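This structure is in structure tokens; I'll ask about it shortly.
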């Protein structure tokens, strides 16, 4: 006895040790790194907003206006459901499942992920 | 509690924003390019990534090495980027990465020889218009929320004309007036 | 006017020979780069950083250079000493593709290092042709029969030698070894310099096992080492990766 | 013979012909001597956009 | 110290030759219109610059707007051109046809166009469509609103036939060109065409 | 006055007077006309205001 | 004085009127005319 | 081989007529202004 | 006989979504049978279904000690004597179907080190007659 709990605790403390090691190097102490070949500051891709959607047009309030308003906006679908992608699954996989509520939920999550655009 | 998390997300978005200091000049024929999607011109110029002949030539890795060279070129626009400077950072074959770098140099996206001081400017699009770019919440700066369709504008900016839009001026000439 | 142009700055070899950056090519707020802080859209504010004003001062002027069913990845090593310093690097090569000549890539590689000695372009390419001739029938194998080998893998980068031990099955072609190389770097938090190095150290071990399978025909599929939790039911892994500072 | 693609052809071609015939209206005698061309007519888009181009060529 | 030795021959971007060469390879339609208009200008002002003998990679670039014109010619009998896209392809095809007509009287860019076995097939297609108008058959009745899209089209094909008429001097018995043009001659009323 | 004015395209009486002074001085060379207003007005903008 | 600048502006933005205005350059008569004025003369033999 | 050469003098007149008789009278003046300037080179 | 003592002592309570109701912690069925057939249709002697059951139980039991942290591949690989080509195919399976990476602290999932993203930068066009902006 006391084998599987010891191995699982070793796995959990190893994952926690790696999580405590990499974030102090990347984000806490000097906030990034420096490339040796080019003048590019190394930064993790997790804080970079890897996707971009289409353009949005509007109009100013005053007529005969010459000001150009260029800016950014952040959009997300409710910020609660995760990005566990069910969209990389062909439609012939989940056909012999035992329930119908899971057939509702998988298609709901696939529509949630295919409605990433506004 | 919701507005406090929205303000914290706006503060960390101001912390990680990568503000612009130098302009990027692309030619007129290179207007078909988009960041996210892969165009049919890129699909027909290098057919080895899309015919699925080899396993080391995937469209995901092709999009990754397409974005990497362009990000390292646009973060430092004044530097002439070479093949050796990006070879030691990505793990791909030479006979295809030279094709990709020659594609990006041939179509004028990177390594473009221009001196913009001797060319006049024009006003192409309309004057009015709120041109806002739509980004997504990065996985890593999201709130914890132990158990929200609110948008946030990070940087507000105005321009008096397109000639100061080309020179990255944000009407700060009230401070540095002659 | 008052616009900085797009090109004509190639201060790269002086940073290769700057003797402070982690480059193994040549031997002889508080942020360093303002990629997260604004400069109020003024150019002069970039001159306060020493790693950027050195690029503005010590730059130079260059000229722009103007230029199959299954890929065979063969790692190519290089070790040539010339005028005090050495050249030590490694790069993969597609044996199936023949669009670029090794003479042409050696000319590009000597143009990038700012040598132009007109003899290293032949000296590198002769070693490239020699290794591609000696390794022309070693990576086109048809490996079956479920070897399930063990691999001790080492990475040599500036007294920071990376070491790991894992059991690999070189029969199925599902997992990409480049994906395996970058999954270790994403977890451990290393830089992008190990991204070529782990895969180029892995393909050499793969071709060594292919040499053992073709030249000697040794099967040696006899009890690979486990921890009695996975494959073999002894009592019901091997090691862990680490970065040692030598 | 076909009733579909000739009425959309009419609604396109007659609209383009009306846009061509309504393309010469801001260049009359008493229309150019007034000030309702230059002032506040950013919706016109034909003129008042090439003053940065004609000045760079010396045409004045 | 480094911004004082810039070469002035390439500091204005890339030159107009490769700019207009990449413009037709791009997908921007106004840029393609500008490139075809400037190539129509160069074909009148200096035909030796854009000749096929000097530039070998120029002959597949102009065929991509002339070869899909056959669908418009087969659809020319009725009002098939509805939007501003089929008319745009029509204008690009008739512009590139006149560019290749202007590149066909230079005694060096002619033999390659004779060796090209597809431009002559397009010429044969236009002549077979014009033979119905010259004879009076019930097939492919010409639309009177689209007669101005064909009267100025057939002249640029007859000019190319006049250009390539010297190199098809070995003629056969069942020659479609000699069968078509003798029926063209008995119908037309144009002095220049006769 | 000599201080900085308000936001652009307001065109107070000083800025309207100095441009009509400079046109009667030079009659060409708009680089020498834009700085007579005070320098804070563009060459491409003073022509659009004068027209 | 301003009438001379207006004559130099209007007779330079309206003398062409078929290269920046889209609906006048997308006309069947104007496109055929601009194509047909660039016809190079045919050589003899 | 690449050789950066000056392009030919293209007669781009400001006004754009469509009749042939309003083009030749300026084209002859353009030829007289072009050949007398390129004659002194050779 | 072995996991019953482990599941009772130091196991955090289970957070399961609605689209994960097909998952069975005891046995397998046709969804997991058809996804990775190399464990079942005689691919090798080492990819036995009992070892497959041991790994698919060990990963979902290792996640229970830290439900708010990212379960990496290497931390599983430290005490699993199985090929990484199967560890990735099971870890990506459980991440795709939303079991071991559903509700964690999102700053725990690592990404690739590299340059920043260029989606909001102002890029102009090289017109041969001007410098008009690119604002569609």
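Letters A, B, C, D, E, F, G, H and I name the chains as they come in the text, with residue numbers starting at 1 for each one.
Definition applied: a contact is a pair of C-beta atoms (placed from the backbone, for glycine too) under 8 Å apart; a residue touches a chain by one contact, two chains touch by 3 or more.
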**Report entry** Chains touching both subunit C and subunit I, listed by label
**Finding:** A, B, E
Query raised in the report: What chain sits nearest the middle when you go by CA atom centres?
Result: B
Report summary line: Set A-D beside B-E; more C-beta pairs touch across B-E
**Report entry** Distance-maximising chain from subunit E - centres being C-alpha averages
**Finding:** I
Query raised in the report: Taking each chain's centre as the mean position of its Cα atoms, how many Å separate subunit C from subunit F?
Result: 61
Report summary line: Distance in whole angstrom between the CA centres of subunit B and subunit G is 39
Requested in this report: For subunit G, jot down the residues that touch at least 2 other chains.
Outcome: 5-6, 9, 12, 26, 34
Query - Contacts with 2+ other chains: residues of subunit E - result: 6, 10-11, 13, 16, 19, 41, 84
**Report entry** Junction residues of subunit D, two or more chains touched
**Finding:** 42, 51-53, 55, 60
Query raised in the report: Tell me, which parts of subunit B touch subunit I in their complex?
Result: 18, 20, 23-28, 31, 35, 68, 70-72, 74-75, 89, 108, 112, 114, 116, 119-125, 129, 131, 133, 135, 139-142, 144, 162, 165-166, 168
Query raised in the report: In their shared complex, at which residues does subunit E touch subunit I?
Result: 13, 16, 19
Requested in this report: Would you tell me which residues of subunit D are touching subunit B in their complex?
Outcome: 42, 45, 49, 52-53, 55-56
Requested in this report: Could you please specify the touching residues of subunit E with respect to subunit H in the complex?
Outcome: 9-10, 15-16, 41-42, 45-46, 49
Report summary line: subunit B residues touching subunit E in their complex are 27-32, 41, 107-108, 112-115, 118-119
